[PDB]
C-alpha cells in the first residue's frame, strides 16, 4: 500500500540522518577519508529516498488523493532544496573549502529538521 511504501521511504530517510551525523563527527575530527565514504553513501541514500518519494506521489495522484498530493508536492520541493545543498557540500568537499562545507552542513540540518513536521503529516494523509 502507499502507506507502507511511505514507511519504507521514511526509514531510508532515517538512514541518511544517521549516516549524516557520523559524517558530521568525522568532518569535525578531520577524518577526510571517512567523510568521503559517508558522502558517497549519502548520495545513494538520497537518490533512493527521492525515488521512493516520486513513486508515492505518482500513486497518490493516480488515487486522486488530493490532500496527499498537496503535501507530497510541498515535501518534494523541500527535498530538492535539501538535495541542492547536499550537492553543494559535496563540491565544497572536493574543493577543500571547509568553511563552506560547514555552512552547507548546517543548512542541510535546518532543511531536514524543518521538513520533519510535514513528513509527519504525509504519513497520516496517505
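For the two forms, the rigid core is made up of the largest set of C-alpha atoms that agree within 1.5 Å on superposition. Residue numbers count along the first chain shown, from 1.
- After superposing on the rigid core, the larger RMS C-alpha deviation in 9 other deposited structures of this protein belongs to 110 to 118, the other candidate being whichever of 15 to 23 and 110 to 118 remains.
- Averaged over their C-alpha atoms, the temperature factors of 8 to 16 and 106 to 114 are higher for 106 to 114.
- Mean C-alpha B-factor is higher over 95 to 103 than over the other stretch, the pair under comparison being 22 to 30 and 95 to 103.
- Across the residues 75, 46, 86, 38, the deposited record lists the maximum Cα B factor for 38.
- Among the modelled residues of the chain, residue 67 sits in the lowest third by CA temperature factor in this PDB entry.
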